[PDB]
Amino acid sequence: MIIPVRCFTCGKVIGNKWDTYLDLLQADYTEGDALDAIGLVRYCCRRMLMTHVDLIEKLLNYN
Amino acid sequence: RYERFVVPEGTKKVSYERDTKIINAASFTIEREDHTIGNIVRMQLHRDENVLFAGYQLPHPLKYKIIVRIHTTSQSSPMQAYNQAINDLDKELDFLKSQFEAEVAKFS
Amino acid sequence: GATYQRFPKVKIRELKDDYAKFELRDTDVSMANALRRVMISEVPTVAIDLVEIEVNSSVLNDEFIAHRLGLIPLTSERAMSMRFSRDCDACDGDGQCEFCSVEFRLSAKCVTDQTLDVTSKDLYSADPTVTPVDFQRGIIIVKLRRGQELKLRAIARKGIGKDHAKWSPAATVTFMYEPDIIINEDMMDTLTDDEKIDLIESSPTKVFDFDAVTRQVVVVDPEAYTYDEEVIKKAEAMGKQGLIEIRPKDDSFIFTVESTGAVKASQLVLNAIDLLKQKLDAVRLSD
Amino acid sequence: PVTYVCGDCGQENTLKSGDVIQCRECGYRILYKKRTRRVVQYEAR
Amino acid sequence: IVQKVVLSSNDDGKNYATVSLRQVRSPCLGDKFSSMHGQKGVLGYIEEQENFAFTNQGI
Ligand SMILES: [Zn+2]
Ligand SMILES: [Zn+2]
Ligand SMILES: [Zn+2]
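Residues numbered from 1 in each chain as written, not as in the entry; some residues may be left out. Chains lettered and ligands numbered in written order. Part of a larger assembly, values for the part shown. Heavy atoms only, no water.

Going by the PDB entry, chain E carries the name DNA-directed RNA polymerase IV and V subunit 2 and comes from Brassica oleracea. This entry carries the title "A cryo-EM structure of B. oleracea RNA polymerase V elongation complex at 2.73 Angstrom".

In the nomenclature of the PDB entry, chain A corresponds to DNA-directed RNA polymerases I, II, and III subunit RPABC5 from the organism Brassica oleracea. In its Subcellular location (unreviewed entry) section, the UniProt record describing chain A reads: "Nucleus". (UniProt positions renumbered as here; feature names shortened; annotations may be inferred.)

Here is the structure:
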């Protein structure tokens, strides 16, 4: 539903990086450059943000 | 219920047992330890000169318990070699801590 | 009266809060591995362990919220001085009590017609020493729309990463062997320079490079090597055997330490050394 | 005080007998049991 | 844990009740998994993190 607090494999805090990643995507960045500018170096941490599905917005409408 | 981690039962933390087939040979059984203590104690005993066998083993990889086997020469005994290894490891850790504190104070 | 002691040597190359890089030499790989294993699984921190929920009107269930709250890093400099809750006799758990427990509270309710975020900046402790770590907006917990509400009370305790990964202070601690690279220059002259470019282009990272100012090759940054056999398999594929050679330089390592911020990156190494001393002392023989 | 809500409008009925299962202000036949006030404890694990 | 209780009725005079129970599971030692290429299997061991073999970045 929401972004997980930590990466599954290593345990780095990523839970305060979703809206920043969406803001960088909205200003016409590639996904690799949006993750480079945000500090993620290991590919385990990058696949947490490239592959997240944000289901909380759909859950908020349908009650 | 998540409490049986580092606490042993009414057993000893370390139990000594001097085997009968080979002389100057013993097996120390340590409760609530794993690869961390066993590997450095093993590789410190190999640095000793009156140690002919040193080896550690988990009896089962899902148990938190190790067994350490030492065979010495006649110039020493297994218990002396065990205690000498442990004291050398403490003095090495103290030297390391002093070096690290000096470097951290240097970097600021 | 015998001594068989080692003397490790430390040289820090970059140090800041939450990050440390340092090279360590003249000890064994068993000691470097002991420091790594203890820093991942033995150094204690403080994290939320009990959650008591009064109102939950959000679209998320209670185990989701409790598992999210368990993984938020708190400031834990007191964790070496406080005691586990299995050892404390001055209380019953179940509330705020020094040496074993911290109480947190949270309450939120949306009244606007916009969606309200509930972050980790809404958790208020009854102890001003143990707070959430400051990094932004804060870590998201839940979102509310209108007329929904979250209200709870938490109990944060002390533990280690061997028990649950929420108590681990290391997002990633690792080391690597330091390499020793020799290039036989008497066989390096035998190669024309496009074959030298063909050799250098086989390496995945930037370990070798080509200086045409002397029309030769040079090993620059010999720590970007990753111990794959690609350049050696390339030189064995050209037939020119023994042109390069790489051996791991024994008793020399490079540590990299990152912390979640609960504790500093120097304090993690120092607490690892203290705990490893404390378990070397409790194993002794009395005799 | 066990009370029910209507899943269509939201009127808070109070059923204590076993006559029928029906709302008043709608006429529809679906009701939910309301969550009263109590504390439930969880591990954060 | 009780999630909801729903009470319904019919048009020909019949009452229904439904109670829902919520459970939360992490994988245990005989749960079943498969890739996207038909390689199914069962979980046979859960290993600690510091016992796993690691790369030069710590993955
Ligand atoms: Zn990661
Ligand atoms: Zn207490
Ligand atoms: Zn109605």
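Enquirer: Can you walk me through the interface of chain C and chain B in this structure?
Expert: Quoted interface sizes are often the accessible area lost when the parts come together. Taken together, the 42 residues of chain C in the interface contact 44 residues of chain B. Where chain C abuts chain B, roughly 4400 Å² becomes buried across the two surfaces, and 64% of that area is made up of carbon and sulfur atoms. Per-residue buried area on chain C facing chain B is highest for C:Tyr4, C:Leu280 and C:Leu285; these three make up 17% of the total on that side. For the interface between chain C and chain B, the tally reads eight salt bridges. Here C:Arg6 and B:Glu92 are joined by a salt bridge, their closest N and O atoms 3.0 Å apart. Those elements giving two or more residues to the side of chain C that touches chain B turn out to be β1 (9–16), β2 (19–25), α1 (29–41) and α6 (265–281) of chain C. With nine residues, the single largest contributor to the side of chain C that touches chain B is α6(C). Partitioning the side of chain C that touches chain B into residue classes produces 21 nonpolar, five polar and 16 charged. (Contact = heavy atoms within 4.5 Å. Buried area = accessible area lost by both parts, 1.4 Å probe. Salt bridge = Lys/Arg side-chain N within 4 Å of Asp/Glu carboxyl O. Helix = DSSP H or I, 4+ residues; strand = E, 2+ residues; numbered from the N terminus. Nonpolar A, V, L, I, M, F, W, Y, C, P; charged D, E, K, R; others polar.)

Enquirer: Quick question: what am I supposed to make of α6(C) here?
Expert: Since the α-helix packs 3.6 residues into each turn, any two residues three or four apart lie on the same face. Residue and element names in this part refer to chain C. Across its 17 residues, α6 extends 25 Å between first and last C-alpha, which sits within 8% of the 24 Å expected from 1.5 Å per residue. Within α6, twelve of the 17 residues are buried, which leaves it mostly tucked inside the rest of the structure. For α6, the set of buried residues is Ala265, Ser266, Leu268, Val269, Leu270, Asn271, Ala272, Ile273, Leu275, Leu276, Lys279 and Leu280. (Expected span 1.5 Å × (residues − 1). Buried < 20%, exposed > 50% of the residue type's maximum accessible area, 1.4 Å probe, protein only.)

Enquirer: I keep staring at the coordination of the zinc ion (ligand 1) and nothing clicks. Help me out?
Expert: For a metal with four tetrahedral donors the ideal donor-metal-donor angle is 109.5 degrees, while six octahedral donors give ideal angles of 90 or 180 degrees. Residue and element names in this part refer to chain A. For the zinc ion (ligand 1), every protein donor is listed as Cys7 (SG), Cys10 (SG), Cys44 (SG) and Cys45 (SG), and the spread of their distances is 2.4 to 2.5 Å. Taken in chain order, the donor set of the zinc ion (ligand 1) reads C-x2-C-x33-C-C. Placement of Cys7 in the segment before α1 (18–26) and of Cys44 in helix α3 (residues 43–50) is noted, with a sequence separation of 37 residues between them. Of the two residues, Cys7 and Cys44, both sit in the buried class. (Donors = N, O, S within 2.8 Å, 3.2 Å for Na, K, Ca; no water.)

Enquirer: I keep staring at the coordination of the zinc ion (ligand 2) and nothing clicks. Help me out?
Expert: Residue and element names in this part refer to chain C. Distances from the zinc ion (ligand 2) to its protein donors, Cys88 (SG), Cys91 (SG), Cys97 (SG) and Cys100 (SG), fall within 2.5 to 2.6 Å. Of note is the zinc ion (ligand 2), whose four donor atoms meet at the metal with angles of 92 to 124 degrees in an arrangement that counts as tetrahedral. Under the relative-accessibility criterion, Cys91 is labelled partly exposed at 28%. Taking the relative accessible area as the measure of exposure, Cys100 reaches 3% and is therefore buried. (Tetrahedral: all angles 85-135°; square planar, octahedral: opposite > 155°, others 65-115°.)

Enquirer: Would you mind going over the packing of α1(C) against α6(C) with me for this structure?
Expert: Axis angle and axis distance: for two packed helices, these are the angle between their axes and the distance between the axes, and together they describe the pair. Residues and elements named next belong to chain C. Between α1 and α6, the least distance of the axes is 9 Å, while the angle of their chain directions is 105 degrees. With respect to α6, the element α1 is oriented roughly perpendicular. Along its contact with α1, which presents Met31, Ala34, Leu35, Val38 and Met39, the element α6 presents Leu268, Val269, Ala272, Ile273 and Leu276. When grouped by side-chain class, the residues that make up the contact of α1 with α6 number ten nonpolar, no polar and no charged. (Axes fitted to C-alpha atoms, helices over the stretch in contact; angles between N-to-C directions. Parallel < 35°, antiparallel > 145°, perpendicular 65-115°, else oblique.)

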